[PDB]
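Scope of the values below: all heavy atoms of this structure, side chains included, with no hydrogens, waters or symmetry mates. Counting starts at 1 for both ligands and their atoms, following the listed order. Numbered from 1 within each chain, the chains take letters A, B, ... in sequence-line order.
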2 protein chains.
Amino acid sequence: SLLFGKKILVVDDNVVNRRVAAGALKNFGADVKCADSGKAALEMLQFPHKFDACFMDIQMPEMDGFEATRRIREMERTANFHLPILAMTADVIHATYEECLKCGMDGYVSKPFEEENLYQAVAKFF
Amino acid sequence: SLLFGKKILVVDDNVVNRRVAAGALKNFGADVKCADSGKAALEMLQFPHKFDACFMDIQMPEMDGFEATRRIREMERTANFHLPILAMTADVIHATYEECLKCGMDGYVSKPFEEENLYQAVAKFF
Ligand SMILES: [Ca+2]
Ligand SMILES: [Ca+2]
């Protein structure tokens, strides 16, 4: 609703990850452009680009989302508007999750300070 | 509701973290016992203990939640019931979050595959 009409840029090296995020934002009325790479996100973020936000995966080979953001910010300064850039951390989350299960934990608590989530994590009682 | 009446054990080295989680579970009717340490979680998890679940912080000095879980599982096998053990990953999440902000990202997307969360992360439009 509120992000209806806006143009997001979704950067991830993983096609399934792109597909999920872009379908979610497509649902909310955003129109979405993807990019498989930091190098390509910078190509698409040039001097006059018209993007309203950007969902940037932090774990990519060759150039990770942290560098491609340092670059986007320096791109913007040498061109002087703040492109809001939000990190997609599912790569890190999945890795700690395997690390949990692997020492015999029965799962993890997403959003670890939100009540409804601590409930949702405990259905070893039904 | 569903976890009303059950006895959780909340293991964390951080008093504020303990206070939050235990107050959330206290709200839901659980009665809660804490522990500041892996060593103390194992003391409280002995041969006949009566706990129904356990929220285990993965980052503690001296003995981290991963080891104290390997120990709890070996404690249980040498005593042979599966104590459901859920990991609290806020230590890792906070660290990647600083790592995001520090290269000039405007935030991160919690629960990176849930739609309502990708919306909630974008209020650079209001
Ligand atoms: Ca990735
Ligand atoms: Ca901790």
Side-chain angles (χ1 to χ4, degrees), chain A residues 8-25 32 34-42 54-69 72 85-100 103 105 108-113 118, chain B residues 8-25 32 34-42 54-69 72 85-100 103 105 108-113 118:
Chain A
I8 294 169
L9 169 93
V10 185
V11 175
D12 202 304
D13 53 328
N14 185 312
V15 191
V16 175
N17 265 17
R18 251 132 55 192
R19 298 252 166 81
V20 164
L25 303 171
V32 170
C34 288
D36 51 316
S37 64
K39 91 205 273 167
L42 296 154
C54 169
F55 284 76
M56 169 85 49
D57 171 48
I58 61 179
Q59 236 187 270
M60 300 175 281
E62 301 249 314
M63 173 188 211
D64 57 54
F66 300 130
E67 260 296 329
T69 299
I72 284 155
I85 289 184
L86 294 165
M88 306 188 316
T89 47
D91 279 15
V92 200
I93 296 164
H94 174 98
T96 74
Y97 153 78
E98 292 192 340
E99 213 194 320
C100 285
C103 67
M105 299 193 176
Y108 79 115
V109 179
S110 182
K111 281 171 150 189
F113 300 163
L118 280 94
Chain B
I8 294 169
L9 169 93
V10 185
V11 175
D12 202 304
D13 53 328
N14 185 312
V15 191
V16 175
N17 265 17
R18 251 132 55 192
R19 298 252 166 81
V20 164
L25 303 171
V32 170
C34 288
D36 51 316
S37 64
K39 91 205 273 167
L42 296 154
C54 169
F55 284 76
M56 169 85 49
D57 171 48
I58 61 179
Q59 236 187 270
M60 300 175 281
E62 301 249 314
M63 173 188 211
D64 57 54
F66 300 130
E67 260 296 329
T69 299
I72 284 155
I85 289 184
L86 294 165
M88 306 188 316
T89 47
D91 278 15
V92 200
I93 296 164
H94 174 98
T96 74
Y97 153 78
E98 292 192 340
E99 213 194 320
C100 285
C103 67
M105 299 193 176
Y108 79 115
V109 179
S110 182
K111 281 171 150 189
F113 300 163
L118 280 94

- Note on the structure: Between A:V32 and A:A22 the two heavy atoms that sit nearest each other are CG1-CB, 3.6 Å
- Go through the steps for B:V10 and B:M56 under the test side-chain contact (heavy atoms from CB on, under 4.5 Å), then give the verdict. CA-CA 6 Å; B:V10 185; B:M56 169 85 49; over 6 Å; no
- Item | Closest non-hydrogen atom pair between A:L9 and A:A35, with its separation | CD1-CB, 4.4 Å
- Task: Just to the nearest 10 degrees, tell me the angle at the Ca ion (ligand 2) spanned by B:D57 OD2 and B:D13 OD1.
- Result: 80°
- Item | Any donor-acceptor N/O pair, A:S37 side chain to A:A40 backbone, under 3.5 Å | yes
- Metal site the Ca ion (ligand 2): N/O/S of B:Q59 inside 3.0 Å: yes
- Which N, O or S atom name in B:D91 marks its closest approach to the Ca ion (ligand 2)? OD2
